[PDB]
Amino acid sequence: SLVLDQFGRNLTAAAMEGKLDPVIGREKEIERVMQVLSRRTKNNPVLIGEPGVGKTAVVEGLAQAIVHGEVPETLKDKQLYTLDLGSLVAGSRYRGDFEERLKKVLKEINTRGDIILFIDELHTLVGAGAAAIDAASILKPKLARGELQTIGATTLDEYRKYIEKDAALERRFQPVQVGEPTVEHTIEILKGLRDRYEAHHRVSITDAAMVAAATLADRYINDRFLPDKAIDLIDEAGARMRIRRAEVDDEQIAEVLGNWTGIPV
Amino acid sequence: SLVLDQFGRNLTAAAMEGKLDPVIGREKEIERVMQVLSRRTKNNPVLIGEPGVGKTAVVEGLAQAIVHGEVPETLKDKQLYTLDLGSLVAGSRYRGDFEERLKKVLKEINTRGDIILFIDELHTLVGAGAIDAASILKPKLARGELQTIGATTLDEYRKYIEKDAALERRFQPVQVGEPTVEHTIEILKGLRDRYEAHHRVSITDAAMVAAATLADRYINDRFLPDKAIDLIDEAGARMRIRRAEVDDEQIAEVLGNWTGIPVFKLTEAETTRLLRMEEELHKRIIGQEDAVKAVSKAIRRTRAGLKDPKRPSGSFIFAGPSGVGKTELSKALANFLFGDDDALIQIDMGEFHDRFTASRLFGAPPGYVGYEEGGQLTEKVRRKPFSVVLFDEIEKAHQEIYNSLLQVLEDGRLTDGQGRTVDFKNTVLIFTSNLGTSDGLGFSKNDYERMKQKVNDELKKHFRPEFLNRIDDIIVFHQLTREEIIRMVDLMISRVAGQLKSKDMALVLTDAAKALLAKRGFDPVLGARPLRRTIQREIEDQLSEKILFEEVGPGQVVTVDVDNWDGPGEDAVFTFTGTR
Amino acid sequence: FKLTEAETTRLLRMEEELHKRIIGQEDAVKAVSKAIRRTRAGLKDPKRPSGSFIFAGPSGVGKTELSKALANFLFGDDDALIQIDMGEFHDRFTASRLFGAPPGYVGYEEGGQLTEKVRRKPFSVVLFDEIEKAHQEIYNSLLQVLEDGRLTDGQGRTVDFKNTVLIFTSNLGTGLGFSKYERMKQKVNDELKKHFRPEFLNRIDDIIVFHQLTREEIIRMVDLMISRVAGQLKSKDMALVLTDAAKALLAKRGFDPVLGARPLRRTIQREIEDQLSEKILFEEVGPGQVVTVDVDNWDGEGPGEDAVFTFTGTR
Ligand SMILES: Nc1ncnc2c1ncn2[C@@H]1O[C@H](COP(=O)(O)OP(=O)(O)OP(=O)(O)O)[C@@H](O)[C@H]1O
Ligand SMILES: Nc1ncnc2c1ncn2[C@@H]1O[C@H](COP(=O)(O)OP(=O)(O)OP(=O)(O)O)[C@@H](O)[C@H]1O
Ligand SMILES: Nc1ncnc2c1ncn2[C@@H]1O[C@H](COP(=O)(O)OP(=O)(O)OP(=O)(O)O)[C@@H](O)[C@H]1O
Ligand SMILES: Nc1ncnc2c1ncn2[C@@H]1O[C@H](COP(=O)(O)OP(=O)(O)OP(=O)(O)O)[C@@H](O)[C@H]1O
């Protein structure tokens, strides 16, 4: 476990400790991910979607589900380790260092046998240690045969630019679309997240505040995507209220949006 | 051997242990590999083919055949070793570690004599040690002192191997082609014994036939023998997780989840909704019975399975007067199909006046700025294969831009600047045109028939015959009647009342108010926009004045009435009264 | 190879095989078959492509259908054809995707999307459909292929088209006073000469103008179009049979010489296909029974402005 802990972060342990935010309304996406992970070969889902729609939140919710034990028997008590390529490529100065580290990580995973790798920003896996032999080339034989469960995550544009330019690697990952939630789903997400933000900012957020945040964020802010597009308004209104001082209402959300976009709402 | 085991994986041992999947139908490829391997010199075959077609499976089948003994006397007892370049490179910290390792491996192969190397992903061999492994191996390959198989994709082969002509000359290309549907069905029949055993389910012949056919038809970026197996594996995994049999319905559901194209079976609610599709669309579109019927017929044909597999789901030209609902119908269709108007892929062709803007659709050619960004339309259709595409006011686009969509209309395909072919066979294409609306000089003897003839003549005049020939339907919209305007007053007032109710205010209009609004906002020539302007000037402005003046506030039931009218009220005046 | 007896007899009756999918157009099928047989017999010119044809004539008559049928015959799949869709090559600078970008520029590693395809499969059918709407630079580039059989891509490599069959399908070319097909042929030839350079046309092996479909050809093609629907229904465990009255009426309603066979296609679509879809959804006809289409209120000869199709489902 030592080799893994120095090149990655145990997401299941964090979920057990309660460090991950609740995930609401992603039952279908998590079920689809579990379905792909239970395959016999090529059991490597990749979460694809616009930036900010909840790609990493889906994996965090999967970790929480694994901790709670609601997952099927195949994924029961599996440890979800998020891999950080920066750590792998940090000390690799001489020839063979990066390959040695990656091979050691894979050997440890195989020996333990109860580990699911998670690679957010999977496009960084293409040509990581070299222009050639790199992380992708080393992983390809393991990924193809289904001996190494992995959950990738990328955006649409990054997937098209990098992953699709390497057909051999792109063949080994099953796309799992995650879409921008509707306004009602965003309201449910905000209601679920309310507790953590209230605790952090020591403020009270009303239901009208959540509804206003979701609706206004959908209506006015244009270049962003709803989940974070609305959590931003909620969090910034809470920050304003805490700085001034203890309640957040639709008026505060409207003020935050007006400062953001300049539209006098 | 010890070194070979350290730096490689024994495939013959795995085949003896039964760890390799069966290989079906690749007798010709295995035979040709055997032929090339037995040559006197340059006996180094390389399998080149698209990803997922079974290049590694061919070598696995060759190892299985060698284990069984159905091979010529040359390869009667050869041991097939897959080489791991990563294992060689890893740990080669010093100057001579990698070259020493490679030399030791080659010496061991030469001494034992019965080993056949398999360099999977041969393109990675060009610069493994950077002296790189390619330079070290080159002398051995040419003289036939080292029997080696290679495997690479066509693109990787061209990009990397063909750069070094000397290295390329020493490898014999063996072409592995994408199997046909029947070959894939045979492959699935072969693999079922293991897949169902792993998933603890039962897979029927119908399920495998459906998997092969659907994967071939609907998934276009993959290659058949692998996409079909993915469908089967996902269906089996779903059956294992839910709790067992896997049928064609499961494969259809898996494909529908994968690509988003609704191929799964129709439920009672879904079929009932489809049957009443005209009524559902009429909840938002008033009048225009013919256009709604045409769109509903197209969608029902697509969902019932009678669609033409080649052409798109349906191509329409919505022409006619202005303000009658040409764009609104497409928006309502998108809402019905996907539940949100924003699901519509809308292209405003008014911005395509200049011809050089055609590259905005399929991107820029190679070697030009913006080449890597693809196209605005091709990528959007690729991400959502089943979608409604709306070309708004196509008549304003350059004549050279609507000539680029002929293959889209007929063959249902569009090639972007990068060479990717994007299929349109599942989309619904709607071109909205206003031709023949600006508008008899001499003595003249329905009006709708004359309008239809004028619009059709204008369409023929503008578009070339080969464009109008490919279009499923050309629908000319009627002008709105007084009854339709009266009905649409309710829609517009509901639009306003939603905003008011967001403020905790309920808006009620007496029938007299609705009649007066219909009377004032009815102009047959200008369509339904004058009614919108009238409602805006008579209601929205007055309501805003009232709200900002605090005359009516939250919790009040605003009621609108007409006072100085009886039943042409130029003197009629609206009165807004609020009560708790 | 050594032409086997089966392969030799298949080649001998190539016209019959092609006509199973193509109705009419005897001259074009004969020309294509003659080119293929000449190539296979070993008498082809060693320094020119295996054949170069310009299909022209009326719309919706089978200019691209013949190319697809030829590709299907030669290789057993319509997808073996290399289709370029020249409609999107209007811009001058867009030729770089036929031959690739020059070295040192973005996207040069990928080569061209035509030269690479031909290089991978030297023996293949290439279809430059709607050639008239490409820029003149593309014609100048393809002049080299026509004259010498080799083409130079961006990287500088030469790819040989000597074993390739090139087909250019064009819609180019589509009476004052008292007067009492050859006219169409002459008009098409005049338009072709006006548009293309004389030497470009001189290098083309054949220029074929397709005949407009006649009533008998439409009658024959009704069965061919209905075969697709029958096969599609077969997957649902339902068989479709049209009585001779139904076929006669479909031919009568869908026959219009100027617009070709597409009107018949949309007539089949809106007359039986959509009604069958509605009935299947409503479950009036289901798996395990045969659907017989018939016609009533029709005298059998007069136009059926009142005749209506009727579907009967019998176990
Ligand atoms: N279903 C959800 N439930 C609860 N919170 C969510 C949900 N979806 C998104 N969030 C919130 O959205 C915010 C951002 O989402 P996320 O962490 O997934 O970014 P992302 O998808 O990785 O975008 P990118 O990949 O471009 O960086 C998170 O704070 C997360 O708490
Ligand atoms: N003839 C075949 N018989 C049985 N299974 C096959 C056959 N061909 C392909 N498969 C299946 O195709 C799947 C994909 O693996 P494949 O052998 O194609 O690797 P590959 O061709 O090297 O792909 P890549 O280009 O990414 O390296 C195999 O798991 C195998 O089950
Ligand atoms: N048949 C209709 N049914 C319901 N609403 C309609 C109808 N026609 C017009 N409207 C109203 O008119 C407004 C815009 O109409 P629309 O854009 O569809 O006209 P149009 O067909 O695009 O005319 P043009 O494009 O030539 O200007 C919509 O808000 C819509 O509410
Ligand atoms: N001679 C024909 N024989 C069989 N089917 C035909 C024939 N002509 C047309 N069809 C039918 O018409 C459909 C399309 O015809 P096709 O595209 O080949 O004509 P075209 O020459 O390309 O006209 P244009 O390119 O000018 O639009 C075919 O799918 C086919 O079903």
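All positions are counted from 1 along the displayed chain.
The backbone N, Cα and C atoms fix where each Cβ goes, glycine too.
What Swiss-Prot lists as ATP binding site is B:49-56, B:320-327, and the listing cites sequence analysis. The feature region 'II' is assigned by Swiss-Prot to B:246-437.
Neighbour density for B:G320 (ATP binding site): within 10 A of its CB lie 26 other CB atoms from the protein chains shown. With a threshold of 8 Å between Cβ atoms, the binding-site residues B:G49, B:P51, B:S322, B:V324 that neighbour chain A are B:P51. Closeness to ligand 2 is met by B:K55, these being the binding-site residues among B:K55, B:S322, B:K326 whose Cβ falls under 6 Å from the molecule. Of all Cβ atoms in the shown protein chains, 22 besides its own fall within 10 Å of the Cβ of B:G49 (ATP binding site). A simple way to gauge crowding: the CB of B:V53 (ATP binding site) has 20 other CB atoms within 10 angstroms, across all the protein chains here. Among the binding-site residues listed (B:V53, B:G320, B:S322, B:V324), B:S322, B:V324 have a CB atom closer than 6 Å to some atom of ligand 3, in sequence order. The binding-site residues considered are B:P51, B:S322, B:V324, B:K326; of these, B:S322 has the fewest other C-beta atoms within 10 angstroms of its C-beta. Taking a C-beta cut-off of under 8 Å and a sequence gap of six or more, B:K55 (ATP binding site) has these contacts in its own chain: B:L47, B:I48, B:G49, B:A151, B:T152, B:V176.
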